[PDB]
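Colleague: Next comes the structure file query_19.txt, holding compact mmCIF, N, CA and C atoms and all ligand atoms.
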```txt
# COMPACT_ATOMS: atom_id res chain seq x y z
N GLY A 2 0.81 -1.22 0.00
CA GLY A 2 0.00 0.00 0.00
C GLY A 2 0.84 1.28 0.00
N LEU A 3 2.10 1.12 0.39
CA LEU A 3 2.85 2.31 0.76
C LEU A 3 3.88 2.59 -0.41
N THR A 4 3.96 1.73 -1.40
CA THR A 4 5.06 1.73 -2.37
C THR A 4 4.63 2.42 -3.60
N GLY A 5 5.54 3.18 -4.27
CA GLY A 5 5.22 3.74 -5.53
C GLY A 5 6.53 4.04 -6.30
N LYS A 6 6.36 4.43 -7.54
CA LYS A 6 7.49 4.75 -8.45
C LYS A 6 7.03 5.91 -9.34
N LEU A 7 7.85 6.96 -9.55
CA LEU A 7 7.61 8.07 -10.37
C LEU A 7 8.76 8.18 -11.37
N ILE A 8 8.44 8.46 -12.56
CA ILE A 8 9.46 8.54 -13.64
C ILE A 8 9.20 9.72 -14.52
N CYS A 9 10.29 10.48 -14.86
CA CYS A 9 10.23 11.54 -15.87
C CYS A 9 11.31 11.30 -16.89
N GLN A 10 10.95 11.50 -18.13
CA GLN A 10 11.88 11.40 -19.24
C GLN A 10 11.82 12.62 -20.06
N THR A 11 13.00 13.16 -20.50
CA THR A 11 13.03 14.34 -21.34
C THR A 11 14.32 14.25 -22.18
N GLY A 12 14.32 14.98 -23.28
CA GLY A 12 15.55 14.95 -24.12
C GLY A 12 16.48 16.04 -23.65
N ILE A 13 17.77 15.80 -24.01
CA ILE A 13 18.80 16.82 -23.90
C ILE A 13 19.50 16.91 -25.29
N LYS A 14 19.90 18.12 -25.55
CA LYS A 14 20.65 18.36 -26.83
C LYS A 14 22.14 18.40 -26.52
N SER A 15 22.52 18.42 -25.23
CA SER A 15 23.92 18.34 -24.83
C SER A 15 24.42 16.95 -24.78
N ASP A 16 25.75 16.76 -24.57
CA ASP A 16 26.36 15.51 -24.65
C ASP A 16 25.90 14.57 -23.53
N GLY A 17 25.52 13.38 -23.87
CA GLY A 17 24.92 12.47 -22.86
C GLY A 17 25.93 11.75 -22.00
N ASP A 18 27.15 11.48 -22.52
CA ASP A 18 28.23 11.00 -21.76
C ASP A 18 28.67 11.99 -20.71
N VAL A 19 28.74 13.25 -21.06
CA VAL A 19 29.18 14.29 -20.16
C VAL A 19 28.11 14.41 -19.03
N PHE A 20 26.82 14.25 -19.38
CA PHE A 20 25.72 14.29 -18.39
C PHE A 20 25.86 13.12 -17.42
N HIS A 21 26.06 11.90 -17.87
CA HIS A 21 26.18 10.78 -17.07
C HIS A 21 27.32 10.90 -16.11
N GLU A 22 28.51 11.28 -16.64
CA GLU A 22 29.69 11.35 -15.81
C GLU A 22 29.66 12.50 -14.87
N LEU A 23 28.87 13.55 -15.09
CA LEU A 23 28.61 14.60 -14.13
C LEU A 23 28.09 13.96 -12.82
N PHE A 24 27.05 13.13 -12.99
CA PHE A 24 26.49 12.48 -11.81
C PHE A 24 27.30 11.31 -11.32
N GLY A 25 28.03 10.60 -12.15
CA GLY A 25 28.76 9.46 -11.78
C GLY A 25 30.15 9.72 -11.22
N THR A 26 30.85 10.72 -11.73
CA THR A 26 32.22 11.07 -11.25
C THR A 26 32.37 12.47 -10.75
N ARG A 27 31.48 13.41 -11.03
CA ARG A 27 31.60 14.79 -10.66
C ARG A 27 30.33 15.43 -9.90
N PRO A 28 29.76 14.58 -9.00
CA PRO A 28 28.49 15.09 -8.47
C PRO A 28 28.65 16.39 -7.69
N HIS A 29 29.82 16.61 -7.09
CA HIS A 29 30.13 17.81 -6.42
C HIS A 29 30.19 19.06 -7.28
N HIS A 30 30.14 18.92 -8.65
CA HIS A 30 30.02 20.05 -9.52
C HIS A 30 28.60 20.50 -9.84
N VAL A 31 27.66 19.55 -9.47
CA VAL A 31 26.21 19.85 -9.71
C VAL A 31 25.73 21.15 -9.08
N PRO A 32 26.15 21.39 -7.81
CA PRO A 32 25.72 22.70 -7.23
C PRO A 32 26.18 23.93 -7.90
N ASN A 33 27.34 23.82 -8.63
CA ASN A 33 27.85 24.99 -9.32
C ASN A 33 27.08 25.36 -10.58
N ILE A 34 26.44 24.27 -11.14
CA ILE A 34 25.67 24.36 -12.41
C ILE A 34 24.15 24.68 -12.20
N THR A 35 23.61 24.25 -11.05
CA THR A 35 22.13 24.45 -10.78
C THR A 35 21.96 25.07 -9.40
N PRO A 36 22.60 26.17 -9.09
CA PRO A 36 22.63 26.66 -7.70
C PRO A 36 21.24 27.09 -7.13
N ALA A 37 20.30 27.36 -7.95
CA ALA A 37 18.96 27.69 -7.39
C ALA A 37 18.34 26.43 -6.83
N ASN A 38 18.63 25.25 -7.37
CA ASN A 38 18.10 24.00 -6.92
C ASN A 38 18.92 23.29 -5.86
N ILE A 39 20.31 23.23 -6.05
CA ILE A 39 21.20 22.48 -5.30
C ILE A 39 22.31 23.41 -4.82
N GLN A 40 22.39 23.71 -3.54
CA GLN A 40 23.40 24.62 -2.97
C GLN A 40 24.63 23.97 -2.48
N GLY A 41 24.72 22.71 -2.28
CA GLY A 41 25.96 22.01 -1.85
C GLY A 41 25.92 20.59 -2.06
N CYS A 42 27.09 19.94 -2.22
CA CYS A 42 27.30 18.57 -2.30
C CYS A 42 28.63 18.24 -1.61
N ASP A 43 28.59 17.70 -0.39
CA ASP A 43 29.80 17.36 0.40
C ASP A 43 30.01 15.86 0.48
N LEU A 44 31.27 15.44 0.30
CA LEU A 44 31.67 14.08 0.47
C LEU A 44 31.69 13.75 1.94
N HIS A 45 30.91 12.75 2.32
CA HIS A 45 30.79 12.31 3.71
C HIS A 45 31.71 11.10 3.89
N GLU A 46 31.66 10.13 3.00
CA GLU A 46 32.42 8.89 3.13
C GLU A 46 32.82 8.45 1.78
N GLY A 47 34.00 7.83 1.69
CA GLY A 47 34.38 7.25 0.47
C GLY A 47 35.04 8.25 -0.50
N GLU A 48 34.95 7.99 -1.80
CA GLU A 48 35.52 8.87 -2.81
C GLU A 48 34.51 9.14 -3.94
N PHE A 49 34.58 10.32 -4.52
CA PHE A 49 33.71 10.63 -5.68
C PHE A 49 33.94 9.66 -6.79
N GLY A 50 32.90 9.09 -7.34
CA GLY A 50 33.01 8.23 -8.50
C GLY A 50 33.05 6.80 -8.15
N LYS A 51 32.95 6.53 -6.84
CA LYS A 51 32.99 5.13 -6.40
C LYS A 51 31.71 4.70 -5.74
N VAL A 52 31.25 3.52 -6.13
CA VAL A 52 30.14 2.86 -5.48
C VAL A 52 30.42 2.78 -4.04
N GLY A 53 29.42 3.16 -3.26
CA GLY A 53 29.56 3.16 -1.80
C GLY A 53 29.97 4.47 -1.20
N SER A 54 30.25 5.48 -2.01
CA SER A 54 30.50 6.80 -1.54
C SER A 54 29.15 7.35 -0.97
N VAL A 55 29.27 8.30 -0.10
CA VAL A 55 28.14 8.92 0.55
C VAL A 55 28.34 10.38 0.46
N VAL A 56 27.34 11.12 -0.03
CA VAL A 56 27.37 12.49 -0.19
C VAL A 56 26.22 13.14 0.56
N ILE A 57 26.37 14.39 0.92
CA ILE A 57 25.33 15.16 1.59
C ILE A 57 24.97 16.27 0.64
N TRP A 58 23.70 16.30 0.18
CA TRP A 58 23.17 17.32 -0.63
C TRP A 58 22.43 18.36 0.16
N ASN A 59 22.67 19.60 -0.09
CA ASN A 59 21.93 20.75 0.40
C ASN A 59 21.16 21.31 -0.75
N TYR A 60 19.80 21.30 -0.75
CA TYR A 60 19.00 21.62 -1.85
C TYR A 60 17.77 22.36 -1.43
N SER A 61 16.99 22.83 -2.36
CA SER A 61 15.85 23.69 -1.99
C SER A 61 14.73 23.35 -2.91
N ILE A 62 13.51 23.30 -2.35
CA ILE A 62 12.30 23.19 -3.15
C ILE A 62 11.28 24.15 -2.67
N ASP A 63 10.78 25.03 -3.54
CA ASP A 63 9.85 26.15 -3.13
C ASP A 63 10.35 27.04 -2.05
N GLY A 64 11.64 27.28 -2.06
CA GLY A 64 12.19 28.21 -1.15
C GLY A 64 12.52 27.62 0.18
N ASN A 65 12.25 26.31 0.36
CA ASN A 65 12.57 25.58 1.61
C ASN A 65 13.83 24.73 1.44
N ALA A 66 14.76 25.06 2.29
CA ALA A 66 16.06 24.35 2.33
C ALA A 66 15.93 23.02 2.93
N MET A 67 16.51 22.00 2.34
CA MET A 67 16.53 20.71 2.79
C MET A 67 17.84 19.97 2.64
N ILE A 68 17.99 18.86 3.24
CA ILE A 68 19.16 18.07 3.30
C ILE A 68 18.88 16.65 2.99
N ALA A 69 19.61 15.93 2.11
CA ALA A 69 19.59 14.57 1.89
C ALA A 69 20.96 13.96 1.88
N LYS A 70 21.24 13.01 2.70
CA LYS A 70 22.44 12.22 2.68
C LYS A 70 22.14 11.01 1.87
N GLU A 71 22.93 10.74 0.80
CA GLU A 71 22.76 9.68 -0.10
C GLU A 71 24.01 8.79 -0.30
N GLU A 72 23.75 7.56 -0.39
CA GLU A 72 24.75 6.54 -0.74
C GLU A 72 24.62 6.32 -2.22
N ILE A 73 25.77 6.35 -2.94
CA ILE A 73 25.79 6.00 -4.37
C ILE A 73 25.90 4.52 -4.43
N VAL A 74 24.81 3.85 -4.69
CA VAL A 74 24.74 2.41 -4.69
C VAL A 74 25.02 1.73 -5.99
N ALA A 75 25.01 2.49 -7.11
CA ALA A 75 25.31 1.85 -8.43
C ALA A 75 25.74 2.90 -9.31
N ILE A 76 26.80 2.61 -10.11
CA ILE A 76 27.23 3.45 -11.21
C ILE A 76 27.40 2.49 -12.39
N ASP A 77 26.59 2.51 -13.41
CA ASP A 77 26.71 1.54 -14.50
C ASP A 77 27.20 2.32 -15.70
N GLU A 78 28.48 2.19 -16.07
CA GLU A 78 29.00 2.91 -17.24
C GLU A 78 28.32 2.48 -18.51
N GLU A 79 28.02 1.20 -18.62
CA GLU A 79 27.42 0.67 -19.87
C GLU A 79 26.01 1.21 -20.14
N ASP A 80 25.16 1.19 -19.11
CA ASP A 80 23.79 1.72 -19.14
C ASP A 80 23.71 3.26 -18.92
N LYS A 81 24.86 3.85 -18.60
CA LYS A 81 24.94 5.27 -18.31
C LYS A 81 23.87 5.68 -17.19
N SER A 82 24.02 4.98 -16.13
CA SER A 82 23.05 5.16 -14.99
C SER A 82 23.81 5.33 -13.72
N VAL A 83 23.20 6.05 -12.75
CA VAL A 83 23.71 6.33 -11.42
C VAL A 83 22.49 6.19 -10.47
N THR A 84 22.66 5.49 -9.41
CA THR A 84 21.56 5.31 -8.40
C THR A 84 22.02 5.75 -7.06
N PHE A 85 21.19 6.66 -6.48
CA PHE A 85 21.39 7.31 -5.18
C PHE A 85 20.31 6.91 -4.12
N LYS A 86 20.71 6.28 -3.06
CA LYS A 86 19.75 5.84 -2.05
C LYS A 86 19.84 6.79 -0.93
N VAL A 87 18.70 7.38 -0.53
CA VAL A 87 18.67 8.29 0.60
C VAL A 87 18.80 7.44 1.89
N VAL A 88 19.67 7.92 2.76
CA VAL A 88 19.94 7.23 4.06
C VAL A 88 19.67 8.16 5.23
N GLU A 89 19.55 9.45 5.07
CA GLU A 89 19.16 10.43 6.10
C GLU A 89 18.67 11.72 5.50
N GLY A 90 17.84 12.52 6.19
CA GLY A 90 17.48 13.81 5.86
C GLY A 90 15.95 14.05 5.82
N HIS A 91 15.60 15.19 5.32
CA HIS A 91 14.23 15.69 5.33
C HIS A 91 13.29 14.65 4.79
N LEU A 92 13.61 13.98 3.70
CA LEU A 92 12.72 13.01 3.05
C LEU A 92 12.34 11.90 3.98
N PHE A 93 13.12 11.57 5.02
CA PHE A 93 12.78 10.50 5.97
C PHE A 93 11.69 10.99 6.98
N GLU A 94 11.23 12.18 6.83
CA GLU A 94 9.99 12.64 7.54
C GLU A 94 8.77 12.08 6.86
N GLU A 95 8.90 11.62 5.63
CA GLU A 95 7.76 11.09 4.85
C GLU A 95 7.96 9.68 4.37
N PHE A 96 9.18 9.25 4.05
CA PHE A 96 9.44 7.98 3.49
C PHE A 96 10.24 7.06 4.38
N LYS A 97 9.93 5.75 4.36
CA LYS A 97 10.75 4.74 4.89
C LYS A 97 12.02 4.50 4.03
N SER A 98 11.78 4.64 2.71
CA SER A 98 12.93 4.45 1.76
C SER A 98 12.59 5.25 0.54
N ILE A 99 13.68 5.81 -0.09
CA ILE A 99 13.51 6.47 -1.31
C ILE A 99 14.86 6.48 -2.05
N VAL A 100 14.76 6.14 -3.29
CA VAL A 100 15.95 5.90 -4.21
C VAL A 100 15.68 6.64 -5.46
N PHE A 101 16.72 7.39 -5.90
CA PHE A 101 16.74 8.16 -7.13
C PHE A 101 17.68 7.55 -8.14
N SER A 102 17.26 7.40 -9.37
CA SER A 102 18.21 6.88 -10.40
C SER A 102 18.07 7.80 -11.59
N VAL A 103 19.25 8.07 -12.26
CA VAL A 103 19.31 8.84 -13.45
C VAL A 103 20.02 7.97 -14.54
N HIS A 104 19.35 7.82 -15.68
CA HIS A 104 19.81 7.01 -16.86
C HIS A 104 19.82 7.93 -18.03
N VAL A 105 20.89 7.75 -18.88
CA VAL A 105 20.96 8.41 -20.13
C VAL A 105 21.00 7.36 -21.31
N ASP A 106 20.08 7.50 -22.22
CA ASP A 106 20.08 6.75 -23.51
C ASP A 106 20.54 7.64 -24.61
N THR A 107 21.66 7.25 -25.23
CA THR A 107 22.31 8.09 -26.27
C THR A 107 22.09 7.57 -27.73
N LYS A 108 21.23 6.56 -27.94
CA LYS A 108 20.75 6.25 -29.33
C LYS A 108 20.02 7.47 -29.98
N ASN A 112 19.42 12.40 -27.37
CA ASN A 112 19.67 11.81 -26.04
C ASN A 112 18.46 11.99 -25.06
N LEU A 113 18.21 10.94 -24.31
CA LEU A 113 17.05 10.90 -23.35
C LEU A 113 17.60 10.68 -21.96
N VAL A 114 17.17 11.63 -21.09
CA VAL A 114 17.46 11.52 -19.65
C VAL A 114 16.19 11.02 -18.92
N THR A 115 16.35 9.95 -18.23
CA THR A 115 15.25 9.37 -17.40
C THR A 115 15.62 9.42 -15.94
N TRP A 116 14.77 10.08 -15.14
CA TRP A 116 14.87 10.02 -13.67
C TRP A 116 13.78 9.11 -13.07
N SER A 117 14.14 8.24 -12.17
CA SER A 117 13.17 7.40 -11.51
C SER A 117 13.29 7.66 -10.04
N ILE A 118 12.16 7.63 -9.35
CA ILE A 118 12.02 7.74 -7.87
C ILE A 118 11.31 6.53 -7.37
N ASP A 119 11.91 5.64 -6.68
CA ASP A 119 11.29 4.52 -6.04
C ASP A 119 11.18 4.76 -4.57
N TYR A 120 9.98 4.52 -4.01
CA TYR A 120 9.78 4.95 -2.64
C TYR A 120 8.73 4.09 -1.91
N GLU A 121 8.91 4.09 -0.59
CA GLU A 121 7.89 3.55 0.34
C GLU A 121 7.58 4.61 1.31
N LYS A 122 6.30 4.94 1.40
CA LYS A 122 5.76 6.04 2.32
C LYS A 122 5.72 5.48 3.72
N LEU A 123 5.88 6.35 4.69
CA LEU A 123 5.68 5.97 6.12
C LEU A 123 4.26 5.58 6.39
N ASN A 124 3.35 6.16 5.73
CA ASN A 124 1.90 5.77 5.87
C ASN A 124 1.09 6.33 4.72
N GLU A 125 -0.20 5.98 4.65
CA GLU A 125 -0.93 6.25 3.45
C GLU A 125 -1.26 7.69 3.21
N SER A 126 -1.16 8.58 4.21
CA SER A 126 -1.51 9.95 4.01
C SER A 126 -0.38 10.79 3.37
N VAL A 127 0.81 10.11 3.26
CA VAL A 127 1.99 10.75 2.66
C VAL A 127 1.69 10.99 1.17
N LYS A 128 2.02 12.12 0.69
CA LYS A 128 1.78 12.43 -0.71
C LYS A 128 2.94 11.73 -1.56
N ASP A 129 2.58 11.16 -2.69
CA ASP A 129 3.58 10.79 -3.70
C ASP A 129 4.38 12.01 -4.08
N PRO A 130 5.75 11.80 -4.17
CA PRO A 130 6.63 12.99 -4.26
C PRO A 130 6.81 13.51 -5.67
N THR A 131 5.74 13.85 -6.32
CA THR A 131 5.72 14.46 -7.64
C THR A 131 6.51 15.74 -7.80
N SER A 132 6.56 16.55 -6.72
CA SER A 132 7.32 17.78 -6.68
C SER A 132 8.79 17.48 -6.96
N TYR A 133 9.25 16.29 -6.68
CA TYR A 133 10.68 16.01 -6.96
C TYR A 133 10.83 15.76 -8.41
N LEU A 134 9.87 15.34 -9.18
CA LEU A 134 10.03 15.32 -10.63
C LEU A 134 10.20 16.70 -11.13
N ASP A 135 9.48 17.72 -10.73
CA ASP A 135 9.68 19.10 -11.21
C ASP A 135 11.12 19.52 -10.86
N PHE A 136 11.56 19.18 -9.69
CA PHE A 136 12.93 19.53 -9.21
C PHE A 136 13.89 18.86 -10.16
N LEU A 137 13.80 17.61 -10.41
CA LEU A 137 14.79 16.85 -11.27
C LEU A 137 14.72 17.36 -12.71
N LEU A 138 13.58 17.76 -13.24
CA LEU A 138 13.50 18.31 -14.59
C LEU A 138 14.23 19.67 -14.55
N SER A 139 14.09 20.51 -13.56
CA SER A 139 14.76 21.77 -13.51
C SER A 139 16.29 21.58 -13.45
N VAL A 140 16.73 20.67 -12.62
CA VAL A 140 18.19 20.37 -12.53
C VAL A 140 18.66 19.90 -13.91
N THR A 141 17.95 19.05 -14.61
CA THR A 141 18.32 18.53 -15.95
C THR A 141 18.31 19.66 -16.94
N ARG A 142 17.40 20.58 -16.98
CA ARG A 142 17.39 21.64 -17.91
C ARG A 142 18.55 22.57 -17.62
N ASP A 143 18.87 22.90 -16.37
CA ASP A 143 20.08 23.78 -16.07
C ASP A 143 21.33 23.08 -16.53
N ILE A 144 21.46 21.81 -16.34
CA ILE A 144 22.71 21.06 -16.80
C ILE A 144 22.81 21.06 -18.31
N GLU A 145 21.76 20.78 -19.01
CA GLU A 145 21.74 20.88 -20.46
C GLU A 145 22.16 22.26 -20.88
N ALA A 146 21.67 23.33 -20.38
CA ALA A 146 21.93 24.70 -20.81
C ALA A 146 23.40 24.93 -20.55
N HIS A 147 23.92 24.41 -19.47
CA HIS A 147 25.36 24.71 -19.09
C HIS A 147 26.25 24.02 -20.04
N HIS A 148 25.96 22.83 -20.42
CA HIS A 148 26.78 21.95 -21.30
C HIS A 148 26.66 22.25 -22.81
N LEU A 149 25.67 23.00 -23.20
CA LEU A 149 25.47 23.41 -24.58
C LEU A 149 26.43 24.59 -24.87
N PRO A 150 27.28 24.42 -25.92
CA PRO A 150 28.46 25.25 -26.25
C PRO A 150 28.07 26.51 -27.02
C1 LIG A 201 17.27 14.51 -2.70
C2 LIG A 201 17.15 15.68 -3.68
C3 LIG A 201 18.36 15.93 -4.56
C4 LIG A 201 19.58 16.40 -3.83
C5 LIG A 201 18.52 14.69 -5.43
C6 LIG A 201 19.81 14.25 -6.05
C7 LIG A 201 19.44 12.98 -6.76
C8 LIG A 201 19.61 11.85 -5.89
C9 LIG A 201 20.54 15.11 -7.05
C10 LIG A 201 21.80 14.47 -7.51
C11 LIG A 201 19.70 15.48 -8.24
```
Show me, as structure tokens, the structure contained in the file I just sent.
Ligand SMILES: CC[C@@H](C)C[C@@H](CC)C(C)C

Modeller:
Amino acid sequence: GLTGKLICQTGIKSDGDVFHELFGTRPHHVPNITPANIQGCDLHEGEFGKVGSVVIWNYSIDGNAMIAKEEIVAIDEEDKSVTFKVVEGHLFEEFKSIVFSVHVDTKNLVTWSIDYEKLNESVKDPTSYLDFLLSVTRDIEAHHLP
């Protein structure tokens, strides 16, 4: 009853390898490119670009500052995908678990997926994070377009 999945897909005209590796090896540069959305990315454990690294994101939605600590649980170079599992922060006021994945198909299409389990049934499905992820994707595309 508590489980759901949200997905957004959109095209980018910028390079899809550069987009993938932004999130896979350079996530700490994301705040510099989309500062209205994401104000910080600090390495908590491990190393950038390695499975099992843990980062702390400082981000904002509708003018409200929030924090998410995430474990990078998968980086698939072949599929051009990165998966971030939330382990602490604001989102744990609503969810038991929530996982973000970003995939790039370069035959370019960026797909964001949100997999989640709500603490209880009155919790809203986190659709607002799709608007957030589309905004971050559009700022990255604009930055990467020469
Ligand atoms: C939890 C909200 C933001 C900081 C999400 C991040 C995806 C896991 C970010 C890299 C877009």

Colleague: For the interface of chain A with ligand LIG 201 (chain A) (cut-off 5 Å, counting all atoms listed in the file), please tabulate each contacting residue of chain A alongside its nearest pair of atoms and their separation in Å to one decimal, rows sorted by chain and increasing number, as JSON lines.

Modeller:
```
{"residue": "A:58", "atom": "CA", "partner": "A:LIG201", "partner_atom": "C4", "distance": 4.9}
{"residue": "A:85", "atom": "CA", "partner": "A:LIG201", "partner_atom": "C8", "distance": 4.9}
{"residue": "A:101", "atom": "CA", "partner": "A:LIG201", "partner_atom": "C8", "distance": 4.8}
```

Colleague: Looking only at strand (DSSP E) from DSSP on the backbone, list the matching residues of chain A as an NGL selection string.

Modeller: :A and (4-12 or 39-46 or 55-62 or 65-77 or 82-90 or 96-106 or 113-122)

Colleague: Go through A:100, A:24, A:35, A:5 one by one, measure the shortest atom-to-atom distance of each to residue 142 (chain A) using all atoms listed in the file, and give the residue with the smallest value.

Modeller: A:35

Colleague: Out of A:123, A:67, A:76, A:7, which residue has the shortest atom-to-atom distance to residue 105 (chain A) when counting only C-alpha atoms?

Modeller: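 For residue 105 (chain A), the nearest of the candidates is A:76.
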
Colleague: Provide an axis-aligned box for all listed atoms of region 13-27 of chain A, padding each side by 8 Å; report its centre and its edge lengths in Å to one decimal, as JSON.

Modeller:
```
{"center_x": 25.1, "center_y": 13.9, "center_z": -18.4, "size_x": 30.6, "size_y": 25.0, "size_z": 32.9}
```

Colleague: Taking (22.3, 3.2, -21.4) in the coordinates of the supplied file, I want to know which residues reach to within 5 Å of it, counting all atoms listed in the file; could you give the answer as a VMD selection string?

Modeller: chain A and resid 79 to 81 105 to 106

Colleague: Separation of atom N of residue 72 (chain A) and atom N of residue 89 (chain A), in Å?

Modeller: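 Calculated distance between atom N of residue 72 (chain A) and atom N of residue 89 (chain A) is 7.1 Å.
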
Colleague: Where does DSSP see alpha helix (DSSP H) in chain A, if you list the residues as a VMD selection string?

Modeller: chain A and resid 17 to 26 31 to 34 132 to 148

Colleague: Check the smallest atom-to-atom distance from each of A:11, A:95, A:51, A:68 to residue 139 (chain A) using only C-alpha atoms, then report the winner.

Modeller: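 Smallest distance to residue 139 (chain A) is found for A:11.
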
Colleague: Here is a test: counting all atoms listed in the file, which residue of A:114, A:14, A:2, A:45 is nearest to residue 146 (chain A)?

Modeller: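 Smallest distance to residue 146 (chain A) is found for A:14.
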
Colleague: Got a sec: who's within 7 Å of residue 28 (chain A), counting all atoms listed in the file, leaving out chain neighbours fewer than 3 positions off, as an mmCIF file with N, CA and C atoms, in the frame of the given file?

Modeller:
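Below is the file that was written, result-v9.cif:
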```cif
data_model
loop_
_atom_site.group_PDB
_atom_site.id
_atom_site.type_symbol
_atom_site.label_atom_id
_atom_site.label_comp_id
_atom_site.auth_asym_id
_atom_site.auth_seq_id
_atom_site.Cartn_x
_atom_site.Cartn_y
_atom_site.Cartn_z
ATOM 1 N N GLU A 22 28.510 11.280 -16.640
ATOM 2 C CA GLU A 22 29.690 11.350 -15.810
ATOM 3 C C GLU A 22 29.660 12.500 -14.870
ATOM 4 N N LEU A 23 28.870 13.550 -15.090
ATOM 5 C CA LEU A 23 28.610 14.600 -14.130
ATOM 6 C C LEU A 23 28.090 13.960 -12.820
ATOM 7 N N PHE A 24 27.050 13.130 -12.990
ATOM 8 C CA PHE A 24 26.490 12.480 -11.810
ATOM 9 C C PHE A 24 27.300 11.310 -11.320
ATOM 10 N N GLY A 25 28.030 10.600 -12.150
ATOM 11 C CA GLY A 25 28.760 9.460 -11.780
ATOM 12 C C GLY A 25 30.150 9.720 -11.220
ATOM 13 N N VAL A 31 27.660 19.550 -9.470
ATOM 14 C CA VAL A 31 26.210 19.850 -9.710
ATOM 15 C C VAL A 31 25.730 21.150 -9.080
ATOM 16 N N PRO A 32 26.150 21.390 -7.810
ATOM 17 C CA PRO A 32 25.720 22.700 -7.230
ATOM 18 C C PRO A 32 26.180 23.930 -7.900
ATOM 19 N N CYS A 42 27.090 19.940 -2.220
ATOM 20 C CA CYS A 42 27.300 18.570 -2.300
ATOM 21 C C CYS A 42 28.630 18.240 -1.610
ATOM 22 N N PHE A 49 34.580 10.320 -4.520
ATOM 23 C CA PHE A 49 33.710 10.630 -5.680
ATOM 24 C C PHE A 49 33.940 9.660 -6.790
ATOM 25 N N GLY A 50 32.900 9.090 -7.340
ATOM 26 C CA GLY A 50 33.010 8.230 -8.500
ATOM 27 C C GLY A 50 33.050 6.800 -8.150
#
```

Colleague: Which of these residues is nearest to residue 3 (chain A), using only C-alpha atoms: A:86, A:91, A:122, A:27?

Modeller: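 When distances to residue 3 (chain A) are compared using only C-alpha atoms, the smallest one comes from A:122.
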
Colleague: Which residue gives the smallest distance to residue 145 (chain A) among A:130, A:41, A:12, A:64, with all atoms listed in the file counted?

Modeller: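 Among A:130, A:41, A:12, A:64, it is A:12 that comes nearest to residue 145 (chain A).
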
Colleague: Could you list, as a list in words, every residue within 7 Å of residue 97 (chain A), counting all atoms listed in the file and ignoring same-chain residues fewer than 4 positions away?

Modeller: residues 92, 93, 120, 121, 122, 123 and 124 of chain A

Colleague: Using all atoms listed in the file, which residues sit within 7 Å of residue 60 (chain A) once same-chain residues fewer than 3 positions away are excluded, as a ChimeraX atom specification?

Modeller: /A:37-41,65-69
